2 protein chains.
Amino acid sequence: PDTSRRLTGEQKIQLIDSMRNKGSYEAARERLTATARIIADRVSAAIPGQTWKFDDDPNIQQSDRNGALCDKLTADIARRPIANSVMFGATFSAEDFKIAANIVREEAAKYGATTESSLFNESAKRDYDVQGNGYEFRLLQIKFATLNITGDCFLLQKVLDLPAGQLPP
Amino acid sequence: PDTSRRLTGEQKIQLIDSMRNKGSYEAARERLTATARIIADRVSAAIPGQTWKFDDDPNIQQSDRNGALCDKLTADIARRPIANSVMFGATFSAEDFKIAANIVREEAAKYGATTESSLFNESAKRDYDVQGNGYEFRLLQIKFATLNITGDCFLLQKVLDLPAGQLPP
């Protein structure tokens, strides 16, 4: 290997070690699911007759459980948590949607997610997405309304159990 | 960007900065060409009637001048120097080849290149290659004999002139 290859190898280890302080993907997924509950509860309490549940579909559950890929680490090392998907009982009107979106905004900001967008906002479809700090919170309604959250990248607890300064096998 | 992407971006800068201490590709290429001269001179002095020159072909000269790619950095940032190619006047017998190869070995070791190999060694073709520490020294003879040397990866002087801790544009 030349020097650039040797150093990049050292840097794989350093990258992992620098992420140890963040805690595990497993803890993050738990906490993000709690945050989804908080948002859904506040949304339901702000909006007359709105209800919610965690999606009970067994393959949605497995998919959320598995998480999403990190940008620069493989799935055996680190993953981005996906909070258990939230399904709302009723669709939102335009006014109620703005209320719910404000609640999502308030909670997302606590995670450093403050960059806002909407692919559309009408009877046909309503979308509110806010990202930042590697998090993404999305309230999307086409035929029915959902809340989803994906977190930043976290090392799996099995990597955290590896001594620091070592390449994971 | 997620955390892995943010950190990998930081690490590009760190990689470059950690290579500053090595000096420039331009200096390394000069020094490696001097080493090729040293080897060629010692070879010619050990072997009766052997002569050498730097290859005078203008496109060989340009190719050597341009160098080789580093493993993990682009050619606008760092390159591996290639010493001006050496062409020997006469071909080597088997005995003279072992003598010349021993001289290459002695000089290569000063650069940390000590891992030896030969793709063949006969009237038809004689090859002696020694590598290590990102260097490669090769004495190859098919129809005529050459000496080539490629060095480890070095930052271009233009990158060394950039203040440390900054991404090259």
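Sequence lines set the chain letters: A, B, ... in the order given, protein chains first and strands last, and positions in each chain run from 1. Only this structure's heavy atoms are used, side chains among them; waters, hydrogens and symmetry mates stay out.
Both the backbone and the side chain of B:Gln14 come within contact range of chain A, judged by heavy atoms closer than 4.5 Å.
A:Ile77 and A:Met19 fall within the same hydrophobic cluster, defined by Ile, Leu, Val, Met, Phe, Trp and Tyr side-chain heavy atoms under 4.5 Å apart, directly or through other members. B:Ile82 and B:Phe54 are members of different hydrophobic clusters when ILVMFWY side chains are connected at heavy-atom separations under 4.5 Å. Linking ILVMFWY residues whenever their side-chain heavy atoms come closer than 4.5 Å, directly or via other members, leaves A:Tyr25 and A:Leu69 in distinct clusters. A:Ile60 and A:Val86 end up in different hydrophobic clusters when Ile, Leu, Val, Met, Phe, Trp and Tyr side chains are linked at under 4.5 Å.
Of the possible polar contacts, none joining the A:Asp2 side chain to the B:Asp152 backbone as a donor-acceptor pair under 3.5 Å is found.
Scanning all heavy atoms of the two residues, the minimum distance from B:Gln11 to A:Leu15 falls at NE2-N, 3.4 Å.
Remark: A:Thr3 OG1 to B:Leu155 CG distance equals 10.0 Å, nearest 0.5 Å. Here B:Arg80 contributes atom CZ and A:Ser4 contributes atom OG; the two are 9.0 Å apart, rounded to the nearest 0.5 Å. One distance of note links CG of B:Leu7 with CG of A:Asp17; it measures 11.5 Å at 0.5 Å rounding.
Residues B:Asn133 and A:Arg6 meet the side-chain proximity criterion, which asks for heavy atoms closer than 4.5 Å.
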